[PDB]
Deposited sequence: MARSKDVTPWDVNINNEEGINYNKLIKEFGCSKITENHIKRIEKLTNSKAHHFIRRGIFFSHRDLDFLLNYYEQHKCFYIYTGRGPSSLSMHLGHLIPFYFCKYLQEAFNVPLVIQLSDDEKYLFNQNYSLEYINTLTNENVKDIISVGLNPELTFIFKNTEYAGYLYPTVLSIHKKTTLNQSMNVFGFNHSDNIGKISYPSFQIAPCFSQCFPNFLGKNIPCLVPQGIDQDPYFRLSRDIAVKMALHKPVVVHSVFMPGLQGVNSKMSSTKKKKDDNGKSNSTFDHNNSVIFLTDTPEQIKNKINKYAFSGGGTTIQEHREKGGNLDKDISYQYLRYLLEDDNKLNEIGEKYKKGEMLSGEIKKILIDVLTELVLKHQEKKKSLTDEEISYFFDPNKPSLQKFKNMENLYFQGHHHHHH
């Protein structure tokens, strides 16, 4: 996949060192390694957002999760780790949508109950990332649709069937729920969908996988029509693989060791899957650079990098499972309260 080609093809902008310097200046801390290492690499209107934060110290983050399975892996958790950082760095509210409606509509043999099981577990996996419970609002569409609906209607009216089908690749055999859904994913980009804790027309930062862009490329056109702020968009590169070409957060140190040893492509910094995974997982640059140099020059063996990765991954997965098991129902239910005076309520 040619990312630089995609940026210019769909009208995005590369994240620059200036963006980073301004982020560190405004947050009074070091930028996350996702930004420094170009994992989150492209954006729309980030400059506007940074200036708006500088001038008003106010905005909110919005991301989502589609509960189509019980088994999440690290790639799914990448944007949530990132939202955790943004949440703490700027001290702003985070909003997380669970498109249980989408997964119900797109999966023919799935019922709402099943989707809800998947949803609850995915929610616990997401919370287990380390999100600030005070600065977080999670919602299921099946429950928050009433708060989303007037905004959805405006988006509905400004989206022709032609546009929905062209943008999302729908055909005439798809159910009208699939056609109507994208407005519900677009809606939370507008702060009127959260009257309990947010003011009107507050800029929205949307961290997302690249594959989610069609939703928010459309949201920016409709935002102009609705006379509201265009969603500030931030994209991530797809996490590379190498049928269990992934690391599940239910996996054991044993299975992680086996998968890494037997399947992780080795390589060359750019073809070694393990060094990339370390690019994701290692916060300190010195380490990453040392391992990178030793490996590129030949001093370090493959099985070494494999070992260090297995260690890091093992600690991560174990801590995550611990946090997961630690979760009480009240702790989870707290995340669904929009009435927290707490952070949530200060952004007006």
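For this chain, the deposited residues without C-alpha positions form the stretches 1 to 19, 262 to 287, 313 to 325, 407 to 420, given in sequence order.
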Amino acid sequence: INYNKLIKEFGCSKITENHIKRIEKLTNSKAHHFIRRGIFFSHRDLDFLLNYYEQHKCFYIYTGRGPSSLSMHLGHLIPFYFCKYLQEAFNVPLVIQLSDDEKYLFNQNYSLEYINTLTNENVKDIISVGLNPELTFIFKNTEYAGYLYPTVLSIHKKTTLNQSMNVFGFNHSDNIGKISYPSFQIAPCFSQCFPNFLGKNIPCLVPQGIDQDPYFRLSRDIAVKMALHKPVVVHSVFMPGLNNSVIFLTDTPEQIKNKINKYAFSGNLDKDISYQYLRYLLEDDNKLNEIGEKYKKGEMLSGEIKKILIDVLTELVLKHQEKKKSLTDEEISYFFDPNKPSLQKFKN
From here on, numbers count along this sequence of modelled residues.
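For the pair 182 to 190 and 251 to 259, the record assigns the higher mean C-alpha temperature factor to 251 to 259. Between 138 to 146 and 115 to 123, the higher mean Cα B-factor belongs to 115 to 123. Per the deposited record, 278 carries the highest C-alpha B-factor of all listed residues (278, 89, 131, 233).
Highest CA B-factor among 103, 84, 200, 271, as stated in the entry: 271. Ranked by Cα temperature factor within the chain, residue 44 sits in the lowest third according to the deposited record. Per the PDB record, residue ranking by Cα B-factor puts residue 62 in the lowest third of the chain. Split the chain's modelled residues into thirds by C-alpha temperature factor. Residue 265 is in the highest one.
Sort the chain's modelled residues by C-alpha temperature factor and residue 166 lands in the lowest third, per the entry. When the CA B factors of the chain's modelled residues are split into thirds, the value for residue 210 lands in the middle one.
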